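A.B. asks: Sharing a structure, written as structure tokens. Questions coming.
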Amino acid sequence: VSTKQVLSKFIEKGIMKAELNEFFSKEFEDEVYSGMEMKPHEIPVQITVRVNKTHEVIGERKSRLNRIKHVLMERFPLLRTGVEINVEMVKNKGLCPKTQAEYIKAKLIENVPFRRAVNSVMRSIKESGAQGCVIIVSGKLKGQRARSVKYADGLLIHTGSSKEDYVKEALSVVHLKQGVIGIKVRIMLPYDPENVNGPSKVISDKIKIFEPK
Amino acid sequence: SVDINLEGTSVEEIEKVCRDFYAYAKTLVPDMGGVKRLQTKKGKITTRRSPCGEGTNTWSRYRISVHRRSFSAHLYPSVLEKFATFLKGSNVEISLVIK
Amino acid sequence: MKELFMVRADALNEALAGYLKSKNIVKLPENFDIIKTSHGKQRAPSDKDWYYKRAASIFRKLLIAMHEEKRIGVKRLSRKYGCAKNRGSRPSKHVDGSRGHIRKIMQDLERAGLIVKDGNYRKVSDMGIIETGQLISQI
Amino acid sequence: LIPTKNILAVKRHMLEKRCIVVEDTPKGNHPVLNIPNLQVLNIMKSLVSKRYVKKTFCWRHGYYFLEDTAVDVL
Amino acid sequence: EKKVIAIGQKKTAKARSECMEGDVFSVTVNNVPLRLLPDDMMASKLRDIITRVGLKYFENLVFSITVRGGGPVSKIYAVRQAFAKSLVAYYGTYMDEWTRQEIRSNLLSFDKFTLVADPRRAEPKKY
Amino acid sequence: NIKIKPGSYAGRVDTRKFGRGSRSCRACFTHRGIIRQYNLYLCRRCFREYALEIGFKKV
RNA sequence: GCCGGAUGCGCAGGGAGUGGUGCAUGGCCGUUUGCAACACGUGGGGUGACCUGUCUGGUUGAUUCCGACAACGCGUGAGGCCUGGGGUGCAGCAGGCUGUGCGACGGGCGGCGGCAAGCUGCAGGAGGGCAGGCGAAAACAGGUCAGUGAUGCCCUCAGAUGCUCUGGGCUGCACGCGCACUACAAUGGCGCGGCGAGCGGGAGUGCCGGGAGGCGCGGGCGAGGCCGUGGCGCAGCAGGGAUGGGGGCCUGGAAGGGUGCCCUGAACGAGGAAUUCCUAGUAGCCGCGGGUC
Ligand SMILES: [Zn+2]
């Protein structure tokens with residue numbers, strides 16, 4: 001029994017997932033792309049792709065969604081047998097950081113000033129229930145010198161196991177007349193026992209005390 | 001003679017799988033063996049952090065570990081198929097040996 | 001074989017090697033007086049009867065591997081007879097023993113009937129069990 | 001350049017279904033249309049230059065799509 | 001009939017011991033008797049335990065100790081812990097218990113690592 | 001009566017068969033620092049960006 | 001050699017470039033950090049920049065806390081945390097494996113300090129600063145355009161700064177320097193016998209050969225050393241193994257590569273001014289395995 005063999009096949013399922021998520025972002029660059037999740041160990045591989053719009057991405061009534069599914073049957077021999085992709089829209093568009101990341105990318109394409117762009121998102125994050133949001137805009141914003149302007153508010157943790165639960169961060173790159181601008185959006189999630197809004201387990205430092213009466 | 005072999009990287013998922021399968025197996029048979037956990041086959045990759053040679057010897061170690069569970073019994077092939085239909089809502093990799 | 005260990009180990013060896021020389025059941029090669037015994041060694045063995053003394057050491061290793069209920073070959077056995085090679089300015093790396101004389105010294109242990117093969121592994125036989133039994137009775 | 005035999009062989013192929021080509025030019029015999037690879041990429045490079053098909057690149061592989069708007073033209 | 005198993009260990013050297021009500025006292029560590037051990041420090045580190053406890057407690061107890069792993073010197077302290085641990089575990093199972101408390105207090109005052117494990121493991125630094 | 005080596009005017013039949021340059025990163029076209037370990041075949045610099053996406057934990 | 005000089009009617013323009021610019025950039029990484037700092041809401045002081053909050057003192061690895069306080073409440077970082085390590089409760093299964101918990105908090109005690117925070121000794125205990133991980137704000141003209149189907153701009157594009165092939169170089173050598181290796185030996189070296197690890201768990205076997213190596217089957221591994229003992233015996237000596245000669249092989253298309261055999265047997269007899277690293281299973285010694293291949 002080989003330990004080398006078992007690890008190699010699992011990351012083989014992993015290395016296609018890294019390619020596929022890299023593929024979908026370039027594929028749905030006109031839309032908002034919010035990530036994907038994969039269930040590959042079954043005989044039908046089920047791909048859930050998260051895009052802000054549902055009716056546009058499926059495309060000419062299931063045409064282009066099967067057209068992009070057709071070439072994915074060709075590329076990956078690992079489970080070439082059965083693949084099914086089905087799109088979903090994010091429940092809160094503010095809480096996904098890529099949704100806000102590609103938003104200001106579209107604003108910078110339209111030559112909107114980034115300061116007007118950045119307060120538009122961090123207001124929309126706060127009104128959507130999220131706990132804290134930092135927006136980092138790096139690039140040649142004014143002039144040839146490049147600055148890394150960093151707007152922030154609210155509770156955003158940086159260390160702990162709660163970091164991988166509670167902050168979800170994004171990176172989108174912008175190509176303009178002047179050069180390359182990178183916009184990092186890192187958003188803290190509100191705690192909710194049902195995981196549709198945030199993590200189920202609380203941050204470890206927070207405690208609850210019952211009441212004596 | 002059935003060998004139900006299942007492998008998974010997430011442990012809180014593969015323990016929910018073996019729990020509901022053992023809830024399914026005791027409905028079937030009482031001579032069903034307990035869930036046996038083989039050696040967690042683990043692997044590490046050590047990598048330089050810098051995409052250049054400006055820094056100190058800063059090495060980031062990434063790890064993968066897959067957890068294995070097994071079941072052994074001697075059943076009917078129709079029971080093997082309804083076992084097989086049970087473990088497809090699970091993301092754990094499933095493979096079976098009938099010898 | 002518990003009574004194998006109840007005598008001294010090196011005192012068993014010349015009692016075993018002197019048995020293999022007196023009974024003439026291990027035969028010397030042509031170049032026996034000049035064998036490096038490893039490519040890590042710097043000299044040939046200084047002992048004139050080194051060949052028998054190794055034949056006692058190899059037959060003892062097959063004896064204990066039977067006591068551990070384990071099978072041993074010639075290539076794995078050469079690793080027990082390897083030294084660390086003075087590699088010059090490089091660090092002294094461990095190297096394997098010389099396989100060539102170990103293979104012939106076991107084939108003579110097949111001719112005496114001490115060692116009978118089991119599958120692709122040679123094993124100690126009952127004849128090797130008995131003839132050790134008179135030896136360790138005397139030590 | 002290249003013979004019109006394998007030009008229209010993949011051009012008739014594209015009208016039913018979309019093909020993807022690796023940039024591995026020393027690899028020959030494309031997995032679908034067993035033709036040398038540096039042939040088949042150059043004409044689809046002509047197709048994007050004539051603005052017919054759309055090209056998406058990800059990890060050494062070019063995913064070429066012919067959108068439905070240009071399909072009825074061809 | 002009467003048989004107990006206790007384990008002691010140094011750094012990565014683990015040692016089992018089996019204590020039985022044999023005919024005469026004997027310690028056959030790693031299938032080798034105590035008088036014929038090639039390493040005398042292996043033999044003396046067993047013998048001072050017999051010197052501390054006194055030979056009257058080892059009246060009929062046969063110790064078949066096996067050891068594996070570790071180097072030479074950590075094998076000495078592996079069996080030395082395992083020899084004493086199996087000695088007190090025999091009295092706790094098959095003999096009177098207040099003598100076992102008498103023996104345990106004798107050994108713990110003698111040296112702590114005879115009966116408890118040395119937690120000191122090979123703790124390597126990084127680069 | 002010597003064997004004449006099959007291939008080019010020079011000896012080798014097919015280049016890119018041996019050594020660094022036959023292999024590349026499966027993401028960024030480079031011959032520099034490929035992790036062939038566990039059959040990954042992506043480079044050192046790409047493996048940071050895709051590590052936890054494979055299922056690797058830092059820990 | 002070859003044209004990935006597409007495409008719009010020789011030109012236009014795209015595309016390509018390990019060409020240039022990291023002082024045009026993204027990302028990432030380094031360094032400040034092996035740090036303990038940073039900030040808001042409101043209020044107060046000042047015309048104001050600012051200050052207080054964020055502190056006399058005490059304390060802590062920590063702006064950690066006690067406390068006095070024109071501040072009061074918060075937030076990041078610190079902590080909490082996550083992983084491995086030791087102890088054992090239960091459960092399951094078969095160089096034993098992996099789930100689930102428990103166990104340590106500085107709790108107890110003594111003495112200092114007393115709204116104290118805490119410090120310190122001992123007992124108990126497997127354990128009383130274990131090893132890692134994530135790691136704030138701000139910077140730096142830090143490094144990377146040679147990781148990139150990340151890229152602006154400039155230059156090049158047919159006698160090309162494109163690709164590819166072959167050969168050579170990156171391995172040149174009066175010399176300066178960094179980091180390591182092996183040593184200068186007797187606490188040693190050499191020759192046999194004996195006993196022999198962990199990470200990593202795929203590999204042994206039979207035959208040929210003096211070795212390297214070869215061949216044929218093929219579910220399948222273990223070190224320096226230490227102990228015992230024989231020789232040498234203070235010697236540029238059986239220390240040292242540099243350099244070189246002749247032969248045998250391996251890999252590859254191709255040896256300057258590796259390995260093996262024999263022989264030659266250099267400096268080096270403890271290393272100037274200087275200077276690095278390190279507090280316990282640690283330094284050091286000693287091998288082994290993995291990445292590269
Ligand atoms: Zn790469």
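As shown in the structure tokens, the chain order sets the letters A, B, ...; within each chain, residues go from 1, and ligands are also counted from 1 in the order they appear.
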Write out as a PDB file with N, CA and C atoms, in the first residue's frame all residues of chain D that DSSP puts in alpha helix (DSSP H) for this structure's backbone.

C.D. replies:
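The result, written out as selection-v5.pdb:
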```pdb
ATOM      1  N   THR D   4      -5.917  23.448 -47.416  1.00  0.00           N
ATOM      2  CA  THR D   4      -7.309  23.733 -47.076  1.00  0.00           C
ATOM      3  C   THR D   4      -8.061  22.496 -46.600  1.00  0.00           C
ATOM      4  N   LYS D   5      -7.444  21.317 -46.704  1.00  0.00           N
ATOM      5  CA  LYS D   5      -8.046  20.085 -46.204  1.00  0.00           C
ATOM      6  C   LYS D   5      -8.291  20.150 -44.704  1.00  0.00           C
ATOM      7  N   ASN D   6      -7.240  20.416 -43.926  1.00  0.00           N
ATOM      8  CA  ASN D   6      -7.406  20.453 -42.479  1.00  0.00           C
ATOM      9  C   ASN D   6      -7.897  21.819 -42.009  1.00  0.00           C
ATOM     10  N   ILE D   7      -7.886  22.826 -42.892  1.00  0.00           N
ATOM     11  CA  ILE D   7      -8.517  24.103 -42.558  1.00  0.00           C
ATOM     12  C   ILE D   7     -10.017  23.927 -42.381  1.00  0.00           C
ATOM     13  N   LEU D   8     -10.686  23.379 -43.390  1.00  0.00           N
ATOM     14  CA  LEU D   8     -12.128  23.237 -43.317  1.00  0.00           C
ATOM     15  C   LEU D   8     -12.538  22.048 -42.457  1.00  0.00           C
ATOM     16  N   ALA D   9     -11.607  21.126 -42.188  1.00  0.00           N
ATOM     17  CA  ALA D   9     -11.903  19.985 -41.327  1.00  0.00           C
ATOM     18  C   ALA D   9     -12.185  20.431 -39.901  1.00  0.00           C
ATOM     19  N   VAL D  10     -11.427  21.405 -39.403  1.00  0.00           N
ATOM     20  CA  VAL D  10     -11.746  21.937 -38.087  1.00  0.00           C
ATOM     21  C   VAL D  10     -12.799  23.044 -38.193  1.00  0.00           C
ATOM     22  N   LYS D  11     -12.921  23.686 -39.360  1.00  0.00           N
ATOM     23  CA  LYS D  11     -13.943  24.713 -39.539  1.00  0.00           C
ATOM     24  C   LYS D  11     -15.334  24.103 -39.601  1.00  0.00           C
ATOM     25  N   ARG D  12     -15.454  22.932 -40.232  1.00  0.00           N
ATOM     26  CA  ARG D  12     -16.703  22.189 -40.162  1.00  0.00           C
ATOM     27  C   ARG D  12     -16.898  21.600 -38.773  1.00  0.00           C
ATOM     28  N   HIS D  13     -15.798  21.304 -38.073  1.00  0.00           N
ATOM     29  CA  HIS D  13     -15.882  20.811 -36.702  1.00  0.00           C
ATOM     30  C   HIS D  13     -16.435  21.871 -35.758  1.00  0.00           C
ATOM     31  N   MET D  14     -16.051  23.137 -35.966  1.00  0.00           N
ATOM     32  CA  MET D  14     -16.458  24.209 -35.061  1.00  0.00           C
ATOM     33  C   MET D  14     -17.946  24.508 -35.162  1.00  0.00           C
ATOM     34  N   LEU D  15     -18.553  24.220 -36.313  1.00  0.00           N
ATOM     35  CA  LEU D  15     -19.973  24.503 -36.491  1.00  0.00           C
ATOM     36  C   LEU D  15     -20.850  23.581 -35.655  1.00  0.00           C
ATOM     37  N   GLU D  16     -20.387  22.365 -35.361  1.00  0.00           N
ATOM     38  CA  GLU D  16     -21.125  21.554 -34.401  1.00  0.00           C
ATOM     39  C   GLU D  16     -20.677  21.793 -32.969  1.00  0.00           C
ATOM     40  N   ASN D  37      -0.554  20.496 -34.286  1.00  0.00           N
ATOM     41  CA  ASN D  37      -1.188  21.508 -33.447  1.00  0.00           C
ATOM     42  C   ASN D  37      -0.886  22.919 -33.929  1.00  0.00           C
ATOM     43  N   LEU D  38       0.344  23.163 -34.392  1.00  0.00           N
ATOM     44  CA  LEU D  38       0.704  24.498 -34.865  1.00  0.00           C
ATOM     45  C   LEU D  38      -0.015  24.873 -36.156  1.00  0.00           C
ATOM     46  N   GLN D  39      -0.639  23.903 -36.829  1.00  0.00           N
ATOM     47  CA  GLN D  39      -1.570  24.211 -37.907  1.00  0.00           C
ATOM     48  C   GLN D  39      -2.889  24.752 -37.366  1.00  0.00           C
ATOM     49  N   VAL D  40      -3.483  24.058 -36.387  1.00  0.00           N
ATOM     50  CA  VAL D  40      -4.870  24.336 -36.016  1.00  0.00           C
ATOM     51  C   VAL D  40      -4.975  25.626 -35.209  1.00  0.00           C
ATOM     52  N   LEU D  41      -3.914  26.011 -34.498  1.00  0.00           N
ATOM     53  CA  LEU D  41      -3.968  27.253 -33.736  1.00  0.00           C
ATOM     54  C   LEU D  41      -3.869  28.469 -34.646  1.00  0.00           C
ATOM     55  N   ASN D  42      -3.142  28.346 -35.758  1.00  0.00           N
ATOM     56  CA  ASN D  42      -2.869  29.503 -36.607  1.00  0.00           C
ATOM     57  C   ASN D  42      -4.119  29.979 -37.333  1.00  0.00           C
ATOM     58  N   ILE D  43      -4.999  29.057 -37.708  1.00  0.00           N
ATOM     59  CA  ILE D  43      -6.228  29.452 -38.386  1.00  0.00           C
ATOM     60  C   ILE D  43      -7.253  29.996 -37.401  1.00  0.00           C
ATOM     61  N   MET D  44      -7.280  29.470 -36.177  1.00  0.00           N
ATOM     62  CA  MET D  44      -8.160  30.060 -35.178  1.00  0.00           C
ATOM     63  C   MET D  44      -7.614  31.399 -34.715  1.00  0.00           C
ATOM     64  N   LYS D  45      -6.296  31.573 -34.812  1.00  0.00           N
ATOM     65  CA  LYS D  45      -5.708  32.897 -34.684  1.00  0.00           C
ATOM     66  C   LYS D  45      -6.136  33.793 -35.839  1.00  0.00           C
ATOM     67  N   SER D  46      -6.363  33.212 -37.016  1.00  0.00           N
ATOM     68  CA  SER D  46      -6.939  34.000 -38.098  1.00  0.00           C
ATOM     69  C   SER D  46      -8.415  34.281 -37.840  1.00  0.00           C
ATOM     70  N   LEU D  47      -9.111  33.347 -37.183  1.00  0.00           N
ATOM     71  CA  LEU D  47     -10.538  33.520 -36.909  1.00  0.00           C
ATOM     72  C   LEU D  47     -10.786  34.602 -35.868  1.00  0.00           C
ATOM     73  N   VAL D  48      -9.904  34.719 -34.872  1.00  0.00           N
ATOM     74  CA  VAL D  48     -10.059  35.806 -33.913  1.00  0.00           C
ATOM     75  C   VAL D  48      -9.614  37.121 -34.534  1.00  0.00           C
ATOM     76  N   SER D  49      -8.707  37.065 -35.513  1.00  0.00           N
ATOM     77  CA  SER D  49      -8.282  38.288 -36.183  1.00  0.00           C
ATOM     78  C   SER D  49      -9.354  38.790 -37.135  1.00  0.00           C
ATOM     79  N   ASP D  68     -22.879  32.295 -30.768  1.00  0.00           N
ATOM     80  CA  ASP D  68     -24.002  32.022 -31.662  1.00  0.00           C
ATOM     81  C   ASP D  68     -24.258  33.136 -32.671  1.00  0.00           C
ATOM     82  N   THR D  69     -23.801  34.358 -32.378  1.00  0.00           N
ATOM     83  CA  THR D  69     -24.039  35.489 -33.267  1.00  0.00           C
ATOM     84  C   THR D  69     -23.293  35.336 -34.586  1.00  0.00           C
ATOM     85  N   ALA D  70     -22.098  34.756 -34.555  1.00  0.00           N
ATOM     86  CA  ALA D  70     -21.360  34.508 -35.786  1.00  0.00           C
ATOM     87  C   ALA D  70     -21.658  33.147 -36.401  1.00  0.00           C
ATOM     88  N   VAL D  71     -22.450  32.302 -35.732  1.00  0.00           N
ATOM     89  CA  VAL D  71     -22.694  30.947 -36.224  1.00  0.00           C
ATOM     90  C   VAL D  71     -23.540  30.980 -37.491  1.00  0.00           C
TER      91      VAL D  71
END
```

A.B. asks: Taking the DSSP assignment computed from this structure's backbone, write out as a PyMOL selection string all residues of chain B that belong to strand (DSSP E).

C.D. replies: chain B and resi 2-8+36-37+41-48+59-73+93-97

A.B. asks: Which polymer residues have any atom within 10 Å of an atom of range 18-27 of chain B, counting only C-alpha atoms (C1' of nucleotides), with same-chain residues fewer than 2 positions away left out, as a ChimeraX atom specification?

C.D. replies: /B:6,13-16,29-36,69-71,83,86-87

A.B. asks: Could I get the residues of chain F with an atom no further than 6 Å from an atom of ligand 1, each paired with its nearest atom pair and that distance in Å to one decimal, using only C-alpha atoms and all ligand atoms, sorted by chain and residue number, as a tab-separated table?

C.D. replies:
```
residue	atom	partner	partner_atom_place_in_ligand_line	distance
F:25	CA	ligand 1	1 (Zn)	4.8
F:27	CA	ligand 1	1 (Zn)	4.9
F:28	CA	ligand 1	1 (Zn)	4.1
F:42	CA	ligand 1	1 (Zn)	5.3
F:43	CA	ligand 1	1 (Zn)	4.1
F:45	CA	ligand 1	1 (Zn)	5.5
F:46	CA	ligand 1	1 (Zn)	4.1
```

A.B. asks: Dump N, CA and C atoms for the selected residues as a PDB file, in the first residue's frame?

C.D. replies:
```
ATOM      1  N   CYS F  25       6.210  24.444 -15.854  1.00  0.00           N
ATOM      2  CA  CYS F  25       5.073  24.701 -14.989  1.00  0.00           C
ATOM      3  C   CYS F  25       3.804  24.618 -15.813  1.00  0.00           C
ATOM      4  N   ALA F  27       1.139  26.110 -15.334  1.00  0.00           N
ATOM      5  CA  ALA F  27       0.390  27.348 -15.254  1.00  0.00           C
ATOM      6  C   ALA F  27       1.088  28.494 -15.973  1.00  0.00           C
ATOM      7  N   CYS F  28       2.397  28.664 -15.794  1.00  0.00           N
ATOM      8  CA  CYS F  28       3.052  29.881 -16.256  1.00  0.00           C
ATOM      9  C   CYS F  28       4.238  29.649 -17.191  1.00  0.00           C
ATOM     10  N   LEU F  42       3.580  22.104 -11.304  1.00  0.00           N
ATOM     11  CA  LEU F  42       3.496  23.551 -11.360  1.00  0.00           C
ATOM     12  C   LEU F  42       4.656  24.127 -10.569  1.00  0.00           C
ATOM     13  N   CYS F  43       5.031  25.359 -10.896  1.00  0.00           N
ATOM     14  CA  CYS F  43       6.289  25.896 -10.411  1.00  0.00           C
ATOM     15  C   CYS F  43       6.198  26.283  -8.942  1.00  0.00           C
ATOM     16  N   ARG F  45       6.577  29.373  -7.803  1.00  0.00           N
ATOM     17  CA  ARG F  45       5.907  30.646  -7.599  1.00  0.00           C
ATOM     18  C   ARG F  45       4.403  30.520  -7.778  1.00  0.00           C
ATOM     19  N   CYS F  46       3.954  29.612  -8.643  1.00  0.00           N
ATOM     20  CA  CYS F  46       2.525  29.379  -8.786  1.00  0.00           C
ATOM     21  C   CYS F  46       1.951  28.599  -7.624  1.00  0.00           C
TER      22      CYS F  46
END
```

A.B. asks: Please, which residues of chain B lie no more than 10 Å from chain G when the count uses only C-alpha atoms (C1' of nucleotides), and can they be set out as a PyMOL selection string?

C.D. replies: chain B and resi 11+15+33-40+45-56+58+60-61+67-71

A.B. asks: Pull N, CA and C atoms from the residues just selected and write them as a CSV table (one decimal), in the first residue's frame.

C.D. replies:
```
chain,number,residue,atom,x,y,z
B,11,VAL,N,-11.9,15.8,7.8
B,11,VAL,CA,-12.2,14.8,8.8
B,11,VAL,C,-13.6,15.0,9.4
B,15,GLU,N,-16.2,11.8,9.2
B,15,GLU,CA,-16.8,11.2,10.4
B,15,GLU,C,-18.3,11.3,10.4
B,33,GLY,N,-18.5,-5.2,11.0
B,33,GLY,CA,-17.4,-4.7,11.8
B,33,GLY,C,-17.5,-3.2,12.1
B,34,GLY,N,-16.8,-2.8,13.1
B,34,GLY,CA,-16.7,-1.4,13.5
B,34,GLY,C,-15.9,-0.7,12.4
B,35,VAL,N,-16.1,0.7,12.4
B,35,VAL,CA,-15.3,1.5,11.5
B,35,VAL,C,-13.9,1.5,11.9
B,36,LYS,N,-13.0,1.0,11.0
B,36,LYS,CA,-11.6,1.0,11.2
B,36,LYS,C,-10.9,2.1,10.5
B,37,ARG,N,-10.0,2.8,11.1
B,37,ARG,CA,-9.4,4.0,10.5
B,37,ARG,C,-7.9,3.6,10.2
B,38,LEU,N,-7.6,3.6,9.0
B,38,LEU,CA,-6.2,3.3,8.6
B,38,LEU,C,-5.3,4.5,8.8
B,39,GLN,N,-4.0,4.4,8.5
B,39,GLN,CA,-3.1,5.4,8.7
B,39,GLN,C,-3.4,6.6,7.9
B,40,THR,N,-3.5,7.8,8.5
B,40,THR,CA,-3.8,9.0,7.8
B,40,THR,C,-2.6,9.3,6.9
B,45,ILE,N,4.7,19.8,1.6
B,45,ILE,CA,5.5,20.5,0.5
B,45,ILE,C,6.1,21.7,1.2
B,46,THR,N,7.5,21.8,1.1
B,46,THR,CA,8.2,22.9,1.6
B,46,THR,C,8.6,23.8,0.5
B,47,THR,N,8.4,25.1,0.6
B,47,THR,CA,8.5,26.0,-0.5
B,47,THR,C,9.1,27.3,0.0
B,48,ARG,N,10.0,27.9,-0.8
B,48,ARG,CA,10.5,29.2,-0.6
B,48,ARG,C,9.4,30.3,-0.8
B,49,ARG,N,9.3,31.2,0.1
B,49,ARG,CA,8.2,32.2,0.0
B,49,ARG,C,8.5,33.3,-1.1
B,50,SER,N,9.7,33.7,-1.2
B,50,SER,CA,10.1,34.8,-2.1
B,50,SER,C,10.1,34.3,-3.6
B,51,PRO,N,9.5,35.1,-4.5
B,51,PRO,CA,9.8,34.8,-5.9
B,51,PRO,C,11.0,35.5,-6.4
B,52,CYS,N,12.1,35.4,-5.7
B,52,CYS,CA,13.4,36.1,-5.9
B,52,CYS,C,14.3,35.7,-4.8
B,53,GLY,N,15.5,36.2,-4.9
B,53,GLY,CA,16.5,35.9,-3.8
B,53,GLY,C,16.9,37.0,-2.9
B,54,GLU,N,15.9,37.8,-2.5
B,54,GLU,CA,16.2,39.0,-1.7
B,54,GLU,C,16.1,38.7,-0.2
B,55,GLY,N,15.4,37.6,0.2
B,55,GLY,CA,15.0,37.4,1.6
B,55,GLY,C,15.8,36.4,2.3
B,56,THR,N,15.4,36.1,3.5
B,56,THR,CA,16.1,35.1,4.3
B,56,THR,C,15.5,33.8,3.9
B,58,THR,N,13.2,31.8,4.2
B,58,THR,CA,11.8,31.7,4.7
B,58,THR,C,11.0,30.6,3.9
B,60,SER,N,7.8,28.1,3.6
B,60,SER,CA,6.4,27.9,4.0
B,60,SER,C,6.1,26.4,3.8
B,61,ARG,N,5.6,25.7,4.8
B,61,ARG,CA,5.3,24.3,4.7
B,61,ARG,C,3.8,24.1,4.6
B,67,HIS,N,-7.6,11.0,5.2
B,67,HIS,CA,-8.0,10.1,6.2
B,67,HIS,C,-8.7,8.9,5.6
B,68,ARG,N,-8.3,7.7,6.0
B,68,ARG,CA,-8.9,6.5,5.4
B,68,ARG,C,-9.8,5.8,6.4
B,69,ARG,N,-10.9,5.2,6.0
B,69,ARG,CA,-11.8,4.4,6.8
B,69,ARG,C,-12.1,3.2,6.0
B,70,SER,N,-12.4,2.1,6.6
B,70,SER,CA,-12.7,0.8,6.0
B,70,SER,C,-13.8,0.1,6.7
B,71,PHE,N,-14.5,-0.7,5.9
B,71,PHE,CA,-15.6,-1.6,6.4
B,71,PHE,C,-15.4,-3.0,5.8
```

A.B. asks: Which residues are near residue 21 in chain F? Cut-off 12 Å, only C-alpha atoms (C1' of nucleotides), ignore same chain within fewer than 2 positions. Put them as a short mmCIF file (atom, residue, chain, number, x, y, z; two decimals) with N, CA, C and O atoms, in the first residue's frame.

C.D. replies:
```cif
data_model
loop_
_atom_site.label_atom_id
_atom_site.label_comp_id
_atom_site.auth_asym_id
_atom_site.auth_seq_id
_atom_site.Cartn_x
_atom_site.Cartn_y
_atom_site.Cartn_z
N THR F 15 14.48 15.74 -29.11
CA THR F 15 14.84 16.61 -28.00
C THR F 15 13.64 16.84 -27.10
O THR F 15 12.53 16.36 -27.37
N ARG F 16 13.87 17.59 -26.02
CA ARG F 16 12.91 17.79 -24.93
C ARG F 16 12.45 16.47 -24.33
O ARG F 16 11.28 16.30 -23.99
N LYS F 17 13.37 15.52 -24.21
CA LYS F 17 13.08 14.23 -23.63
C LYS F 17 13.71 14.07 -22.26
O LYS F 17 13.25 13.25 -21.45
N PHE F 18 14.71 14.88 -21.93
CA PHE F 18 15.46 14.70 -20.70
C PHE F 18 15.84 16.04 -20.12
O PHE F 18 16.19 16.98 -20.84
N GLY F 19 15.77 16.12 -18.80
CA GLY F 19 16.27 17.28 -18.09
C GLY F 19 15.29 18.43 -18.04
O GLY F 19 14.18 18.38 -18.56
N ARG F 23 10.28 19.57 -19.11
CA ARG F 23 9.18 19.84 -18.20
C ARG F 23 8.99 21.35 -18.07
O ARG F 23 9.90 22.13 -18.33
N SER F 24 7.78 21.74 -17.67
CA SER F 24 7.46 23.13 -17.45
C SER F 24 6.41 23.23 -16.36
O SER F 24 5.80 22.23 -15.97
N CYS F 25 6.21 24.44 -15.85
CA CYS F 25 5.07 24.70 -14.99
C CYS F 25 3.80 24.62 -15.81
O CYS F 25 3.72 25.16 -16.92
N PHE F 29 4.27 28.53 -17.92
CA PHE F 29 5.17 28.31 -19.07
C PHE F 29 6.66 28.33 -18.72
O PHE F 29 7.51 28.47 -19.60
N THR F 30 7.02 28.18 -17.45
CA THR F 30 8.40 28.39 -17.06
C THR F 30 9.11 27.08 -16.78
O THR F 30 8.48 26.07 -16.45
N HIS F 31 10.42 27.08 -16.98
CA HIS F 31 11.25 25.95 -16.63
C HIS F 31 11.90 26.11 -15.27
O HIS F 31 12.68 25.24 -14.86
N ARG F 32 11.59 27.18 -14.55
CA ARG F 32 12.26 27.50 -13.30
C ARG F 32 11.49 26.92 -12.11
O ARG F 32 10.37 27.36 -11.83
N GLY F 33 12.10 25.98 -11.41
CA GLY F 33 11.62 25.55 -10.12
C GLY F 33 10.30 24.80 -10.10
O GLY F 33 9.40 25.15 -9.33
N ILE F 34 10.16 23.78 -10.93
CA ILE F 34 8.93 23.00 -10.97
C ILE F 34 8.88 22.06 -9.79
O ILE F 34 9.88 21.40 -9.45
#
```

A.B. asks: Compile the contact shell of residue 25 in chain A as a ChimeraX atom specification: residues with an atom at most 12 Å away, counting only C-alpha atoms (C1' of nucleotides), same-chain residues fewer than 3 positions apart removed.

C.D. replies: /A:18-22,28-36,49-51,98-99,102,171-173 /D:56-58

A.B. asks: Can you tell me, as number ranges by chain, what residues are no more than 6 Å from range 45-62 of chain E when counting only C-alpha atoms (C1' of nucleotides), ignoring any on the same chain fewer than 2 positions away?

C.D. replies: E: 19-26, 41-43, 80
